[PDB]
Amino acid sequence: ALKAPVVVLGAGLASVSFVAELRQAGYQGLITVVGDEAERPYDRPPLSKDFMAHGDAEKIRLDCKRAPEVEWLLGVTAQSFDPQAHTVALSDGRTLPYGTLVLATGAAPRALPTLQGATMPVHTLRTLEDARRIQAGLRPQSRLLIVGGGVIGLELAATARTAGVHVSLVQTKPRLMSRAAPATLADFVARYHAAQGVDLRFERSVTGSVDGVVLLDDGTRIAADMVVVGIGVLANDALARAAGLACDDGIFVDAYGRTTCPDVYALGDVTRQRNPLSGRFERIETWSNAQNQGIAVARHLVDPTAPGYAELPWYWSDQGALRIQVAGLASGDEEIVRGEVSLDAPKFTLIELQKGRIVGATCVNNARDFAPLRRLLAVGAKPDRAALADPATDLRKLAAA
């Protein structure tokens, strides 16, 4: 089952969380981690947040303390693995044996085909190197165009506006945060960004670019000094595909993290896995999944009596004055709005229900509500809906009881 030695491909959050849990759970055999970035393992959420603003990479490193006795091969790329021979081929000419192989290779930004031959700066934002490159171009009064209205693009928009950068944003869908964000939240977020001076363009797509100017499918133009593309990510599943594992923009895994290849597991952004709320497979793209799935897979490898991964999805986003938290599903058959939705000191909570059962929640500038809502969500609570609306109600009381 858990056969030594353990080899993990990728040295991001999922990998670090996994190897720390292996050690904490009592596994004492070899652990070797192969990471292609020549960087002390680091967390990505700061890259479009405080790092983009203040630039200190020594504030964003992951804690590998709970992972003693691990050899981290940084700056080296796993090029293939042979699941029959139980070996991994590295870019430095070495080969690693494994008893258990764990693919934690994450995902990479999708390129925008229409900007392939661009002769102006076009960047994506995934790595520390990416963040440093973008930051170097955030000149005050310069013009930035962001393609894509997902959370990372919006976080960059906010950061850029704070830095005195003019920002335009092109979104093909009619709303921001089209993936896993309630419409009510998305509409409010657009109003917020518009009020901060972001030039939002909905239902437009980029058709190309010429001499520092981007072209749109409504026949118009947007001049910019830099483009940052953020239209989503694609799983880094090439090694799995080549080795014969089941993959489709993501490695399919069960709740134990098992791939279709015996002795090969996968975790984090690279996986396509069951969302327990929808009961469908999806590629989850969140910090909490990377950490939680890594921990759960490790725990069950060391102790097979442990349950499989079962945590429900959630994320957060920091966009200027908006501290956004979202859990579960973006929609059901009912939304309850707790508080007023207003640009004047924004503070509200949304609750999504399905036939009376909580299936999702949102908090904007209300961290205290979010924890009890996630507990109610976890057990599929069916609370009195007037109480959920009634601002006199205390959610922590409800969650404990």
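In case it trips you up, residue 1 is the first one in the sequence shown, and so on.
A summary of the deposited B-factors shows that, of 136 to 144 and 300 to 308, the stretch with the larger mean C-alpha value is 136 to 144. Judged by mean Cα B factor in the deposited record, 114 to 122 ranks above the other of 114 to 122 and 98 to 106. In this structure the maximum Cα B-factor among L30, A57, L353, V364 is found at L353. Of the candidates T162, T259, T271, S317, it is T162 whose Cα B-factor is highest according to the PDB record. Per-chain ranking of the deposited C-alpha B factor places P45 in the lowest third.
When all modelled residues of the chain are sorted by CA temperature factor, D333 is found within the highest third. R241: CA B factor lies in the lowest third for its chain, per the PDB record.
Remark: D225 belongs to the middle third of its chain, ranked by C-alpha B-factor as recorded.
Among the modelled residues of its chain, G75 has a C-alpha B-factor that falls in the lowest third, as given in the PDB entry.
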